[PDB]
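Here's the structure, in structure tokens; my notes come after.
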Amino acid sequence: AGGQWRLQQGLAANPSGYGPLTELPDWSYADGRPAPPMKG
Amino acid sequence: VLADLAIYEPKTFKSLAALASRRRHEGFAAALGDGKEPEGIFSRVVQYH
Amino acid sequence: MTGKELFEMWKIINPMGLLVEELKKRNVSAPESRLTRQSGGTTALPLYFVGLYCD
Amino acid sequence: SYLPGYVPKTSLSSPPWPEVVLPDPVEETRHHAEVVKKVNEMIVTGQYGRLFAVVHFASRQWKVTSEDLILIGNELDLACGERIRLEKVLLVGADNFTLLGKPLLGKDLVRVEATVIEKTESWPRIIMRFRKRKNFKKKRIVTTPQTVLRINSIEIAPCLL
Amino acid sequence: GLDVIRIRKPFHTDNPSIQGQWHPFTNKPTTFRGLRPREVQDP
Amino acid sequence: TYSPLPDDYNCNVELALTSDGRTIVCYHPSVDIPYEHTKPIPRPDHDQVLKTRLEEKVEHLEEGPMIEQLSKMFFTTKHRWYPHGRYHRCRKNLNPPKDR
Amino acid sequence: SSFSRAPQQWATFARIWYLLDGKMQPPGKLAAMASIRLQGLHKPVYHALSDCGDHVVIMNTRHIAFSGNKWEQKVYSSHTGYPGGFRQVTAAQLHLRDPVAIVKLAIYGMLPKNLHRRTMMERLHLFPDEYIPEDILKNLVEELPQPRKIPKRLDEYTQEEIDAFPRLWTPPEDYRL
RNA sequence: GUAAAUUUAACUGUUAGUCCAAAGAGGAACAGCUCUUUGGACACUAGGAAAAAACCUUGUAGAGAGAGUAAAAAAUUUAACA
């Protein structure tokens with residue numbers, strides 16, 4: 001759903017493509033230390 | 001998640017339904033408009049770079 | 001006590017009696033019972049919702 | 001006595017759906033500020049009980065709350081007991097209010113922390129393809145690495161305004 | 001130390017609902033005097 | 001004014017975007033049932049020289065009539081009321097896993 | 001909601017009684033609504049293995065309205081099982097013989113083709129003409145809206161509405177009519 | 001644009017063609033029929049077309065209680081004034 005609308009906004013057709021939802025880190029250490037980059 | 005919300009968070013799900021209904025109405029108004037008018041408040045899309 | 005409902009740990013009898021006493025201490029009026037919802041009342045599997053009203 | 005585009009009322013004269021008039025943008029913008037302020041005061045005064053949130057973790061969305069367990073389907077390069085922050089919160093909800101990200105809520109607004117309590121592997125998963133041979137002795141078994149996370153806490157900060 | 005066997009759900013919660021679990025009356029409006037369909041007040 | 005949905009059931013929904021426009025705020029307090037929309041609790045319900053007798057209202061009924069009574073009372077078919085053999089009875093797990 | 005576990009489970013899976021009026025309604029549209037309610041497909045807790053169907057009560061089944069010529073054209077066929085036992089009757093013929101047959105068959109076809117179907121039919125209560133047993137009337141919880149909007153007859157139009165509509169043409173004053 | 005090709009040293013097995021589209025040549029401008037040619041599919045997967053070797057989508061290597069898609073639902077009721 002919403003693939004064509006997302007393309008109209010310049011986003012990836014799939015929400016799992018490029019953008020903060022996928023590329024940003026999933027987690028970080030509770031003290032604030034950044035996690036290692038994810039494999040994907 | 002939406003199915004889980006419908007069962008365990010009915011108030012939150014009604015809000016999501018209200019939000020979807022509002023956005024649907026904004027789409028209807030825009031379709032009638034020629035584009036001269038401004039876009040709906042909820043229609044506005046946040047951009048990322 | 002994670003996940004446990006209060007009365008599962010604290011066993012009470014006649015909750016309505018305890019409720020009336022606690023409302024009195026708070027000066028609230030005695031609760032009135034009414035039928036908020038009802039379904040299949042004349043069946044083996046009925047459902048009833050009872051609401052307590054103060055004033 | 002009629003406009004040039006006047007049509008006598010009939011079944012098909014106008015659309016069947018009821019006409020909807022949306023609020024005036026200027027007036028609605030003022031109302032939105034009042035609602036955001038009201039909800040902000042509830043957060044400031046702690047007028048909420050248990051909170052739940054939707055987090056995006058390991059390509060997945062989890063409807064979680066405090067003390068919950070989630071079984072992640074892979075290893076996480078963390079020792080057991082390590083406390084992490086789940087940084088992708090799509091939604092945080094309370095009894096009386098819900099905050100929605102577009103698509104993710106800001107880190108300032110909501111903090112979700114979890115702990116690794118177990119690192120293990122799944123039960124053996126049989127893989128069997130019916131190729132043109134004696135299949136039984138050719139069954140493959142795979143076990144997938146898993147991580148159990150406990151949701152310690154969900155905290156919202158008064159930063160809506 | 002728990003048995004390494006099939007786990008039915010990849011999540012466990014003791015508090016699944018914050019706003020109240022859905023029931024058939026969750027989204028039904030109430031009616032004046034709780035009258036039923038085709039019921040007559042002042043019988 | 002304008003409401004996306006009716007507000008007479010479940011909760012009253014107020015939708016508001018934040019000034020930055022990156023967050024949607026929903027205020028949804030519960031809608032308490034009005035006292036008027038409720039019914040009063042239904043009140044439940046001689047030469048008797050001899051004591052009242054607790055006569056047993058337990059009447060024997062044959063399998064066919066008994067199943068017909070059970071099926072009508074619970075609005076089911078007759079099949080579920082028949083027994084099954086030992087093979088299926090013993091197969092059933094009497095210590096099933098329980099989640100909360 | 002802070003209910004006790006057993007009461008909470010009872011409320012969530014409780015059976016609801018729905019009332020449906022069949023006057024001047026097409027059977028299929030009545031059947032489509034009844035099918036969903038009889039299966040529990042209208043509940044967010046729906047699962048096929050959960051027996052979450054609801055009760056559906058349909059009145060005025062004798063006053064259903066078929067669109068088109070389905071009264072004559074629509075044929076219901078059955079076979080007794082004996083040589084020459086094939087019987088074919090029209091919807092009109094079946095309706096006179098059994099006022100609830102048409103709605104019942106329409107619902108039966110829509111329900112899933114599995115062993116749960118006959119159980120779902122037990123929760124279907126079809127009544128020909130506005131009479132419902134008192135016991136069933138006391139169960140009723142909600143009345144579902146009629147799927148088809150019944151058009152008003154010419155006589156049923158109020159004078160204000162008749163005046164509000166314009167006179168499109170000028171009839172010749174010398175015409176007999 | 002691509003990454004394969006030839007040669008040398010050894011060696012083994014498969015190969016009795018079905019349908020679809022196209023062009024011919026024989027039958028009857030029949031056959032799920034005869035012959036040849038071009039391409040495709042079928043002994044490698046899956047989705048769809050009612051069931052479905054041959055049509056369409058898609059290629060095939062695992063786990064997921066995530067997501068975007070592909071093919072993918074048949075239409076139609078047939079005049080006249082004196």
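When we count neighbours, we look across all protein chains shown, and the Cβ atoms used for this are built from the backbone with ideal geometry, even at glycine. All of the numbers you see were taken from the coordinates with simple rules; none came from a lab.
Here the ratio of the Cα radius of gyration of chain E to 2.2 N^0.38 Å is 2.34. Go ahead and run the numbers for FRET between D:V20 and F:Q69, Cβ-Cβ distance against an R0 of 41 Å, rounding to 0.05. Taking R0 as 41 Å, the efficiency between D:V20 and F:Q69 is 0.15.
Dipole check for chain G: with +1 at the C-beta of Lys and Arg, -1 at the C-beta of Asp and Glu, and the Cα centre as origin, the magnitude is about 1000 Debye.
Expressed as a whole percent, the proportion of Cα-Cα pairs in segment D:18-161 lying more than 25 Å apart is 49%.
Using just its DSSP H runs of length 4 or more, each adding -39500 (n - 2.57), chain G gives a mean residue ellipticity at 222 nm of -9000 deg cm²/dmol after division by all residues.
Both the radius of gyration and Dmax for chain C are 15.0, 40 Å, in that order, over alpha-carbon atoms. Site pair D:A79 and G:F165 shows an inter-label distance of 8.6 nm when each label is modelled 7 Å from Cα along Cα→Cβ. Each label point was placed 7 Å from the Cα along the Cα-to-Cβ direction; for F:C90 and D:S59 their separation is 4.5 nm. Set against the 2.2 N^0.38 Å expectation for a compact globular protein, segment F:36-100 has a Cα radius of gyration ratio of 2.03. Working note: Cα gyration tensor of segment D:1-93, eigenvalues times five, square-rooted, sorted largest first, giving semi-axes of 51, 22, 11 Å. Using the alpha carbons alone, the radius of gyration of segment G:93-156 stands to its Kirkwood radius in an Rg to Rh ratio of 1.04.
Dividing the summed helix terms, -39500 (n - 2.57) for each DSSP H run of n ≥ 4, by the number of residues in chain D produces a 222 nm estimate of -4500 deg cm²/dmol to the nearest 500.
If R0 is taken as 41 Å, the Cβ-Cβ distance between G:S50 and C:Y53 corresponds to a FRET efficiency of 0.75. Here r is the Cβ-Cβ distance between C:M1 and D:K119 and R0 is 30 Å; the resulting FRET efficiency, rounded to 0.05, is 0.60. If a spin label sat at a point 7 angstrom from the Cα of B:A17 along the line to its beta carbon, the backbone N atoms of segment E:23-43 nearer than 11 Å would be those of E:26-29. Starting from the Cα of B:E39, step 7 Å toward the Cβ, then list every residue of segment F:1-21 with an amide N under 15 Å from that point. What the label zone holds, given the 15 Å backbone N cut-off, is F:21. May I ask for the percentage of alpha-carbon pairs in chain G that lie more than 28 Å from each other? The answer is 43 percent, as a whole percent. The relative contact order of chain D comes to 26 percent, based on Cα pairs under 8 Å that sit 6 or more residues apart.
Estimated at 0.36 nm per residue, the fully extended path between G:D174 and G:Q146 surpasses their Cα-Cα distance by 5.4 nm. Using equal-weight Cα scatterers in the Debye expression, the normalised intensity of chain B in log10 at q = 0.17, 0.26, 0.32 Å⁻¹ is -0.65, -0.91, -1.08.
Note on segment G:38-177: dipole from Cβ charges, positive end direction compared against G:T61, G:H79, G:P147; the farthest Cα belongs to G:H79.
Sorted on the mean count of surrounding Cβ atoms within 10 Å across their residues, most packed first, peptides G:7-16, F:59-68, D:95-104 read D:95-104, G:7-16, F:59-68. Normalised Debye scattering of chain A at q = 0.21, 0.26, 0.35 Å⁻¹ gives log10 I(q)/I(0) of -0.68, -0.83, -1.15, counting only Cα atoms as equal scatterers and leaving out solvent. For the protein assembly as shown, the calculated P(r), taken from all Cα-Cα distances in 10 Å bins from zero up to the bin holding the longest distance, is 2, 10, 17, 21, 21, 16, 8, 3, 1, 0, 0 percent.
Which part of segment F:74-100 falls in the paramagnetic zone of G:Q9, meaning amide N under 19 Å from the point 7 Å along Cα-to-beta-carbon? Label zone hits: F:92-100. Helix D:25-44 and the long axis of chain D differ in direction by around 40°, with both axes built from C-alpha atoms.
Contact order, relative form, for chain G: 30 percent (alpha carbon pairs under 8 Å, 6 or more residues apart, mean separation divided by residue count). Take each residue of peptide D:59-69, count the partner chain Cβ atoms within 10 Å of its Cβ, and average: the result is 5. Loop-located trypsin sites (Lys or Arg not before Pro) in segment D:80-161 (DSSP state other than H, G, I, E, B) with a sparse environment of at most 12 neighbouring Cβ atoms within 10 Å: D:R129, D:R131, D:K132, D:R133, D:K134, D:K139.
Taking Cβ atoms as reference points and 10 Å as the exclusive limit, the residues near E:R38 contribute a net charge of -3, counting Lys and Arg as +1 and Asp and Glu as -1.
A helix-only calculation puts chain B at -20000 deg cm²/dmol for mean residue ellipticity at 222 nm, using -39500 (n - 2.57) for each DSSP H run of at least four residues, averaged over all residues. For the pair D:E67 and D:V44, the difference between a 0.36 nm per residue extended length and the Cα-Cα distance amounts to 5.9 nm.
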